[PDB]
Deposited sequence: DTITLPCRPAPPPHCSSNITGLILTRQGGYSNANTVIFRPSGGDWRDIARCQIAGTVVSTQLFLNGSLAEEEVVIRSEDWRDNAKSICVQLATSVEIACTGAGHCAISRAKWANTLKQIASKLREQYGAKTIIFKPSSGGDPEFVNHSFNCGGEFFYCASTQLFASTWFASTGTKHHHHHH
């Protein structure tokens, strides 16, 4: 019902943002994706972030018009990262007690929409999200000039069949 990510340090409740997108890195009818650890420069090539600076997930960025869209400089080269832009932003709510919470049902539908787009692009039936420096292995984001780190293993640890 709710996914509760542990965070360090405790992000204030007004640091809660909107997940407008993320960045993946591709590793049969089974293709595996992981949250990218590339530098914030590699984040820039997605061109869908807003003002906040964040790893693994795009907070407070731009949304797609109708449906989820995925872009890549080259789908053949796996070193190139996949830029996922959400159509409906998923809300991440920090409570100030050391955890930022996300609704499980909405992230599941988001992962299913992403899987459907990744299925059309790679022709595979099964899309698997596997977990990921500490700044890039975690969902790290800058709120109010202060940096935070959240364990994102709960977000990227699922499977999605056809």
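- Gaps between the deposited sequence and the modelled coordinates occur at 28-32, 138-140, 171-181, listed in sequence order.
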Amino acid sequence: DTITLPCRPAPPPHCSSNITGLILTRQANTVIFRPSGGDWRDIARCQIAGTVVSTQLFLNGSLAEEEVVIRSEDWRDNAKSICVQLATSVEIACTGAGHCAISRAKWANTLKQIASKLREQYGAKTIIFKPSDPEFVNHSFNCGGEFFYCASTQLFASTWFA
From here on, numbers count along this sequence of modelled residues.
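- Mean C-alpha B-factor is higher over 40-48 than over the other stretch, the pair under comparison being 115-123 and 40-48.
- Among the modelled residues of its chain, residue 145 has a C-alpha B-factor that falls in the highest third, as given in the PDB entry.
- When all modelled residues of the chain are sorted by CA temperature factor, residue 158 is found within the lowest third.
- When all modelled residues of the chain are sorted by CA temperature factor, residue 78 is found within the highest third.
- The PDB entry assigns residue 30 a C-alpha temperature factor belonging to the highest third of its chain's modelled residues.
- Compared with the other modelled residues of the chain, the Cα B-factor recorded for residue 101 ranks in the lowest third.
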